[PDB]
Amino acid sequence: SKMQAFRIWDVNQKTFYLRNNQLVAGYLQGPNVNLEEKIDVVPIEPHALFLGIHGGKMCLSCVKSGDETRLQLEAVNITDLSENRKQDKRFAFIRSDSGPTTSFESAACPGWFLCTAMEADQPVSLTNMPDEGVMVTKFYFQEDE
């Protein structure tokens, strides 16, 4: 259970980058390629994990705002989280591989998978309609190391 660095891009080749402290998927080229966000990962045996950016300084979570289930980026240290604390569960994600791609399902909001839009520069989100082909839910997740 320690911090690993991963590079991620969806099946349409979009990368993650921040815009107004929001995570968005898009195509970075040239000087802007330096905006690419690597994903910091702390494994939770056997198939879950905590996901973050900026050296695990900000972590991804699933939050329910009234009637909405939205992805959120919180200012918490990936290292303070615990697979055994009820409150940190909103940060857990289940990793599932199939072929050369990877999917991430929310542990606190099951049935919700991390996703990106087909159009560029849209924020990264969570959809509960994976196979219904509107949002992308498959990613190439590789250990940047």
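Numbering starts at 1 and follows the sequence shown.
Once the C-alpha B-factors are averaged per stretch, 75-83 and 25-33 rank with 25-33 first. Higher mean CA temperature factor, per the PDB entry, when comparing 5-13 with 128-136: 128-136. Highest C-alpha temperature factor among 68, 40, 105, 88 per the entry: 68. Compared with the other modelled residues of the chain, the Cα B-factor recorded for residue 51 ranks in the lowest third. Residue-level temperature factors show residue 94 in the middle third of its chain, judged at the C-alpha atom. Per the PDB record, residue ranking by Cα B-factor puts residue 58 in the lowest third of the chain.
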